[PDB]
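Visitor: Quick check, what structure comes out for this input:
(6 chains)
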Amino acid sequence: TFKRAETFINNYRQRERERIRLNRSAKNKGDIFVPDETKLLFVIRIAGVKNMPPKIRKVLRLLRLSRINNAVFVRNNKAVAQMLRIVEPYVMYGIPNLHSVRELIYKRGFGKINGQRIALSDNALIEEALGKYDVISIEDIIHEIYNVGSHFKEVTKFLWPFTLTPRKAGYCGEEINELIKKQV
Amino acid sequence: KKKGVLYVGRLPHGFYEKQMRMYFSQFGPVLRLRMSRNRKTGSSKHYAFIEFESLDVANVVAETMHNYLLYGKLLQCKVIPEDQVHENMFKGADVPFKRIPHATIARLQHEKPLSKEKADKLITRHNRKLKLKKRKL
Amino acid sequence: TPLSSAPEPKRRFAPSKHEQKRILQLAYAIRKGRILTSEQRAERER
Amino acid sequence: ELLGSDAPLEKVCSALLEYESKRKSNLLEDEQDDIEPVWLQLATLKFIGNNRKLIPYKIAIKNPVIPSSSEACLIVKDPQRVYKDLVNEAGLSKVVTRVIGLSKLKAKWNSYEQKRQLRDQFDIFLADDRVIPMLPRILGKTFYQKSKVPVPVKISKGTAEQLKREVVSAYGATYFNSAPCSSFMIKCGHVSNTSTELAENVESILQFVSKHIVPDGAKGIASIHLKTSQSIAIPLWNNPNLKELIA
Amino acid sequence: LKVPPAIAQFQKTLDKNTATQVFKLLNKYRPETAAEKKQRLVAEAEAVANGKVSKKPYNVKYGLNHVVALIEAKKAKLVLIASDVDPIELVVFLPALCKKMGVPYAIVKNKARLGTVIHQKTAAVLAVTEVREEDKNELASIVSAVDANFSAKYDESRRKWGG
RNA sequence: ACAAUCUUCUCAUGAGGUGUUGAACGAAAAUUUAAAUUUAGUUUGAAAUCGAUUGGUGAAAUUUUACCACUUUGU
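Guide: Numbering: from 1, shown residues only, chains lettered A, B, ... in the order given. See the structure here:
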């Protein structure tokens, strides 16, 4: 449709607002919050606003948030924090409680095997694809993801960016399970 | 047929060259876009000159987008006749404004030591600066 | 200049007597239990 | 002495004041107690500042540069009523004309017309440390370019005698906005103050300068000059061994 | 037929952008609903019954007699007239009265949009007499737009017979 | 979608806090190295009819930065 001039200015203001927060938080504020209580999170994307800063665009892609509500098993450590804080305005990070991960895997589990949404319905699919990864079933997937097993990164690659379609632009902790409960 | 050049004044902050180009394109083609920007920091002087492909469409935008209440600013969109338009009125149009950081460049100059002879030339120059005031007082 | 030279009444510079009349007769019903108080009504909704 | 064992204070201040007084050559309804300021310019061998730090330097000095009859405006955090009560019982109402909450400053003053109206109303803008980072915005170039920089006055605890000590401290201490340069200018006083105070105001500035702005102290100082807005920059002290320092 | 100038002036209403901005400011000063007002009164009534000062409200003024008396009081800063009053005589004098008494006015689209603002089905006219100090700039900016986009525009067309 | 993260201080006792519409007028000083910054000041409607600084930096896929600024642009 016909875009009105106010929308273009609103994009510029948000961009300048987005650019500023990025400049403060990253440069001269290298200190990071280091999320804890797990080795695995369930980050989701609230809304990637149009015309992102080019820094932002891969942060969704690399940690697998290329689409909205993409809940992914990410290795919880200091390393993800700065990248997530780069993308923190558009994401919610929270802990995948065992029930939430199991419930997600049991019903909404569509693991991105070969980059496609492959349902985790059959425990053999987890067993066959993750035989060397020690994940043998949906319950074992939770042990390898929610409990972040030895091959959690491989399990996460086996897993998918679960679209937990519904959110605050930051910490959730157990609130990711709340979204997962509604999503799954 | 003849290019229709639009003076858009009282531009709300943010409605810049890229943003004007997308918005004004819907009305008609914008051959090139020039916004006045500051001497040093290149900040908008809040008026831009938008020449459309034809006078006719530019007249439509001038009528439609005059006294437009935008972000608490009344937009002034006037078709400037070609007689007042000059050769460089649209100079450097659609050319990025590479703000030269003059202040830090001199800071790099400050960080850059003069050549030992040229540094001594400065010291003597300070000595000249010292003796220039000598008969001054 | 304005069209009317009528002097300004004091009532426009003071808290309204309409709601003060209404507040007082709401208070009476609260005292007599005709009206469920905001806390009682809110706790009744649970 | 002080800087490089050659700072000729006292005599320079007296000579400059005499030179300014020598240059002396209806308005009864256009008269006040304005006195021409005294200007101290410092030269540094390197750019002290990386970027414009839009906060003043609390250069403590017991000879005030701002007259005590000046009107002061306090910019405090919410709620506005608490600090309005604080200034009421402390007897600073005559001194501090207005107290402005941050929310009310962000809302009631949005146009530049309102900002300039507020700026002309008062002389010095005191601000709580708790909210001074905001005042860059909301105020803009109407303040931070026309010689109106809010001052971070420490009022977090909010006590009557604390308000008095900070307001007195703010009034007496001269102020300066740091910017990226090898040269900068300091307010020392006016022609009204006697030459002995200016020399002692000056020396208080350099010792503060050598401590908190110049990293290497007197070693990094290039030259010191004393000036008045229309007078000659009389050199207080020049570096006698800067040749190898810059080498 | 040929519409008289006093009745033709209503066919040239306020445009898209300015009306949207005008209604944005009006919706920050809507009056208070009947259901909410009761809740505010029972809160104050309960406070005084258990054991016991406020500030003047700020809402848009409505009602034909009330607003016309506000124009003649030189109190209304902006008058917004519906363009489709069924007996047109009810507002046929309002533009000329506003011109005489130096009030910025505009003829906006639909009584329902004015009606919606004040939680009524229909409003013939709305007036803004006082705004919060935070929004003095917004009302001043809107009034300038009304002058430029409604009073400066047309102007001659309201003196010409319509139709 | 004319909505969004420009700072309730922080640490440590000191240090910081990252941030300013444009235009016009105007001192007189300094260093830095004429432009470059500071630099007495200013005035005005979020004012507006050329004048552009004109390099660098990356950072993507050479045109793109319409702030990427030397500490110099896609994790």
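Visitor: so residue B:119 touches residue D:246, yeah?
Guide: Yes: counting by C-beta atoms under 8 Å, residue B:119 touches residue D:246, with 6.3 Å between them. C-beta: built from backbone N, CA, C; applies to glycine.
Visitor: Between those two, which contacts overlap?
Guide: residue B:113 (C-beta atoms under 8 Å, 6 or more residues apart in numbering or on different chains).
Visitor: Provide the secondary structure category for residue D:43.
Guide: strand (DSSP: H, G, I helix; E, B strand; the rest coil).
Visitor: Residue of chain D nearest chain E, please.
Guide: Here chain D gets closest to chain E at one residue, residue D:107, 3.8 Å apart by C-beta to the nearest C-beta.
Visitor: Next, the contact list for that residue, please.
Guide: Taking C-beta under 8 Å, 6+ apart as the criterion, residue D:107 is in contact with E:133, E:134.
Visitor: Helices along the chain, start to end?
Guide: No chain in the question, so chain A it is. For chain A, the helices defined by DSSP state H cover A:5-26, A:54-62, A:78-87, A:98-103, A:123-129, A:138-145, A:152-158, A:175-183.
Visitor: other chain: chain E
Guide: Counting by DSSP H, the helices of chain E are E:5-8, E:16-26, E:34-50, E:64-72, E:94-100, E:111-117, E:136-146.
Visitor: Mind putting those into TSV with mean neighbour count and distance to residue D:149?
Guide: Below are the helices of chain E laid out as TSV (neighbours: other C-beta atoms under 10 Å in any protein chain shown; distance: least, C-beta to C-beta, whole Å):
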stretch	mean neighbour count	distance to residue D:149
helix E:5-8	15	58
helix E:16-26	18	34
helix E:34-50	15	44
helix E:64-72	17	45
helix E:94-100	17	46
helix E:111-117	19	44
helix E:136-146	19	25
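Visitor: ok, now how distant is the spatially most central residue of chain D from chain C?
Guide: Nearest to the geometric centre of chain D sits residue D:175, at 1.7 Å (C-alpha atoms, centre = their mean). Computed as C-beta to the nearest C-beta, to the nearest Å, the residue D:175 to chain C distance reads 44 Å.
Visitor: Let me know whether that residue touches residue D:58 as I believe.
Guide: Yes: the criterion here is C-beta under 8 Å, and residue D:175 meets it with residue D:58 at 7.3 Å.
Visitor: Can you tell me which residue is spatially central in chain C?
Guide: residue C:19 (2.2 Å).
Visitor: the strands in chain C, which residues?
Guide: Counting by DSSP state E, one finds no strands in chain C.
Visitor: Could you do chain D as well?
Guide: Using DSSP E, strands in chain D cover D:37-44, D:53-56, D:72-76, D:96-101, D:124-128, D:151-153, D:177-178, D:183-190, D:221-228, D:234-238.
Visitor: Of the ones you listed, which is nearest residue A:107?
Guide: strand D:96-101 (52.3 Å; C-beta to C-beta).
Visitor: buried residues in the closest one?
Guide: D:96, D:97, D:99, D:100, D:101 (16 or more other C-beta atoms under 10 Å in any protein chain shown).
Visitor: Sort out which one of those residues lies nearest chain A for me.
Guide: residue D:101 (24.1 Å).
Visitor: Do I have it right that the closest one meets residue D:82?
Guide: No: in this structure residue D:101 lies outside contact range of residue D:82 using C-beta under 8 Å: 9.6 Å.
Visitor: Show me what residue of chain A gets nearest to chain E.
Guide: residue A:4 (8.1 Å).
Visitor: cool, and chain C?
Guide: residue C:26 (3.5 Å).
Visitor: How about that residue: what's its closest non-neighbour residue?
Guide: Of all residues beyond its chain neighbours, the one nearest residue C:26 is residue E:45 (3.5 Å), with distances taken as C-beta to C-beta, 6 or more residues apart in numbering or on different chains.
Visitor: quick one: that neighbour and residue A:16, what's the gap?
Guide: Look at residue E:45 and residue A:16: by C-beta to C-beta, to the nearest Å, they are 49 Å apart.
Visitor: do residue D:66 as well
Guide: Residue D:66 is 36 Å from residue A:16, by C-beta to C-beta.
Visitor: Tell me the residues of chain A that contact chain B?
Guide: A:2, A:3, A:4, A:5, A:6, A:8, A:9, A:10, A:11, A:12, A:13, A:16 (C-beta under 8 Å from any C-beta of the partner chain).
Visitor: In PyMOL, how would I select the buried members of these?
Guide: Per 16+ other C-beta under 10 Å, the buried members of the residues of chain A next to chain B correspond to this PyMOL selection:
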select buried, chain A and resi 4+5+6+8+9+11+12
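Visitor: Export the residues of chain A next to chain B as TSV, with columns for distance to chain C.
Guide: Listed next are these as TSV, based on distance: C-beta to the nearest C-beta, whole Å:
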residue	distance to chain C
A:2	46
A:3	45
A:4	41
A:5	41
A:6	39
A:8	46
A:9	42
A:10	39
A:11	43
A:12	45
A:13	41
A:16	44
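Visitor: so can I have a markdown table of the residues of chain A next to chain B showing distance to residue E:51?
Guide: What follows is the residues of chain A next to chain B, written out as a markdown table (distance: C-beta to C-beta, whole Å):
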| residue | distance to residue E:51 |
| --- | --- |
| A:2 | 60 |
| A:3 | 58 |
| A:4 | 54 |
| A:5 | 56 |
| A:6 | 51 |
| A:8 | 57 |
| A:9 | 53 |
| A:10 | 50 |
| A:11 | 54 |
| A:12 | 54 |
| A:13 | 49 |
| A:16 | 52 |
